[PDB]
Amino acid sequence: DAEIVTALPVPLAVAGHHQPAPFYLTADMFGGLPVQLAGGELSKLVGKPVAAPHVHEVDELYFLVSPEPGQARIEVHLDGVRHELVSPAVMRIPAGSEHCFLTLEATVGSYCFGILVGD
């Protein structure tokens, strides 16, 4: 009766990303969604970027969260300017902006989610 998805994450290729990105919401789920949502736990990603700088033609939000504030930190490169985000934080990356992030600090249970907004 209910619509449940547990074949997760869905690996999808994203521009500049070395490996497929783990998606938990995709545009085709449930008859159609206005967002896609990818990302994961950061504790094993400190110092290791998941992508080269890249551009989308949709807006992307970085959602950085951790069990306690301040336990996670990423550096977002935005058109050659570096911004440090401290959990909890939400950053909007406008479509067409060159961008990527580097994990600076993360405990177990720190996440960064990328949310592609459908336009």
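C-alpha atoms forming the largest set that superposes within 1.5 Å between two forms make up the rigid core. Quick note: we count residues from 1 along the sequence shown, nothing fancier.
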| item | value |
| --- | --- |
| Comparing 71-79 and 49-57 where Cα RMS over structures and residues is taken in 5 other deposited structures of this protein (core fit), larger one | 49-57 |
| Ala21 not built in a third or more of the other entries | no |
| Mean Cα B-factor comparison, 59-67 or 77-85, giving the higher one as deposited | 77-85 |
| Maximum C-alpha temperature factor, selected from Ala2, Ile115, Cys112, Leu8 | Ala2 |
| Options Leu25, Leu104, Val108, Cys100 - largest CA temperature factor per the record | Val108 |
| Third of chain Cα B-factors occupied by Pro53 | highest |
| Third assignment of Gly31 from its chain's C-alpha B-factors | highest |
| Ranked against its chain, the third holding the CA B-factor of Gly39 | middle |
